Structure formats: structure tokens, C-alpha cells
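Next up: a single chain in C-alpha cells, the form deposited in one PDB entry.
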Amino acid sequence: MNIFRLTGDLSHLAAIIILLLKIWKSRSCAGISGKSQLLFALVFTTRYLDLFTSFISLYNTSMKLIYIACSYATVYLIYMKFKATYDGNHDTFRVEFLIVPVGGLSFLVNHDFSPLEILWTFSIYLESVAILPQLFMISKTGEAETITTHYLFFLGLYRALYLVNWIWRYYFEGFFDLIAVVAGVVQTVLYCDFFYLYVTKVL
């Protein structure tokens, strides 16, 4: 554990809280793709399955439980409460063409053919493309009412801090993860497309 994975996770957490609090106060999830939020909740579900097998630290367990509870609550706030503001007519990305290749990719490319390692690799590959339904929604409508600039800021700071996390990890520990780094580059390119679409079409 280093400071850039630490702050990157906190930056990742800050954005999730911003979106969860924005939907709650505005009583609205218009412009948000619940399919994307469902995928990010599936990411935390398959990434943190090690809670039923391995308790590492109180901080480590709390972050997992907070990540899971926060994105689960966002999904509840989109599909049950405030569902009258869910723009389901535009959140129409056929995500089966996404989880099936990602699932097959995690089945074939992993660090170990172990159940928990396969589902961790799935979460890493799924998290890299989970933003695709939301990008499909924004490009179609050109609108994203619930999306605020500072929500993007902590999304970019999160990916940018994991950029430093990869570098500090290699130079000070000799650790390098081809699977996570490659998927992270895919996630970063798509997240810049998120930021570019917001500036050019929304803001």
C-alpha cells in the first residue's frame, strides 16, 4: 500500500459520494445511465468477493463495504426511488455485448485459474469498459443533468493517481501487473472521452 493508491481510492470514493449525494438531494437521476452504475456495482461485487474468505484490515474491509454500499445505494436510487427521473429511453446500451467478451477475456487471460482470481480479473476488465453505456447515453442526447464538474474531477484525479500508483509501485517494489495496467489504460482513454464529451456537449 502506498499514498497514490490510497488517495486514488479516496478520490474514487469522493466521486461516488458526490454522485450519490447529488441524486439524493436533487431527487433526480436524469442523465445518469443506470446500466453503467449497475456495472460498477457488479465490479465491486466481483472484486470484493474476498470479504467472505479473507479479512485483511479494518481500513481495507471498511473501504470495500463502503464501496459496495455506496454504489448499491446509487443503483437503488436509480431503479426504485427516483425511477421516474431515470432516462431509460436513452440508457439503451445492449450490455450483453460487453459482459460476455469481458467474461470470456477474464476466463482466458488471468494471473491464475482460480475462482477468486477469475472474478477479480473480471472486475478489472469490466471496470475498464463499465463507462461505455454512460458514454453512449451522453453522445446520443448531448445532455447529462445530474453529472457535475467536480464529479468528473475526482474521476480524473482517481485515474491520474492510479497512473502514479503504477509507477511508484514498479520503481519502489518491482511490482508490475500487465492485466491491471492494460485494462487501466483502456479505462483512462474512455474516461477522457467521458471528460471530452462533457466539456464539448454537456458543459
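Throughout, we count residues from 1 along the sequence that is shown. Think of the rigid core as the biggest set of C-alphas that the two forms share within 1.5 Å after superposition.
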(request) Name the higher of the two by mean Cα B-factor in the PDB entry, 128-136 versus 75-83. (result) 75-83
(request) Look up the CA B-factors in the entry and say which stretch, 34-42 or 47-55, has the higher mean. (result) 47-55
(request) Just grab whichever of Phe153, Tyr162, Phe172, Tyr67 has the top CA B-factor as deposited. (result) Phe172
(message) Is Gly88 in the lowest, middle or highest third of its chain when residues are ranked by C-alpha B-factor?
(response) highest
(message) Considering every modelled residue of the chain and its Cα B-factor in the PDB entry, is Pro115 in the lowest, middle or highest third?
(response) highest
(request) Compare the C-alpha B factor of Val95 with those of the other modelled residues in its chain, then answer lowest, middle or highest third. (result) highest
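Note that the form solved in complex with a partner chain isn't included here; everything after this is about it.
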(request) Given that the partner is absent here, state which listed stretch (146-154, 132-140, 32-40, 165-173) has heavy atoms within 4.5 Å of its partner chain in the deposited complex. (result) 165-173
(message) Is it the case that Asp9, even though its partner is missing from this view, gets within 4.5 Å of its partner chain in the deposited complex, heavy atoms only?
(response) yes
(request) May I ask you to check whether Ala69 falls inside a 4.5 Å heavy atom distance of its partner chain in the deposited complex? (result) no
(request) Would you check, heavy atoms only and a 4.5 Å threshold, whether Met63 touches its partner chain in the deposited complex? (result) yes
(message) Contact with its partner chain in the deposited complex for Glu117, defined as at least one heavy atom pair within 4.5 Å: yes or no?
(response) yes
(message) Is it the case in the deposited complex that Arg27, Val75 and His90 each bring at least one heavy atom within 4.5 Å of its partner chain?
(response) no
(request) Could you check whether the CA atom of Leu21 moves 2 Å or more between the shown form and the other one, using the rigid core for the fit? (result) no
(message) Does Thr148 move appreciably between the shown form and the other one, meaning a CA displacement of 2 Å or more on the superposed rigid core?
(response) yes
(message) Using the rigid core as the reference frame, would you say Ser57 shifts its C-alpha by 2 Å or more between the shown form and the other one?
(response) yes
(request) Tell me whether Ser33 and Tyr198 end up closer or farther apart in the deposited complex, going by their C-alpha atoms; the shift is 3 Å or more. (result) farther
(request) Given a change of 3 Å or more, say if the Cα atoms of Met137 and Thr149 sit closer or farther in the deposited complex than in this form. (result) closer
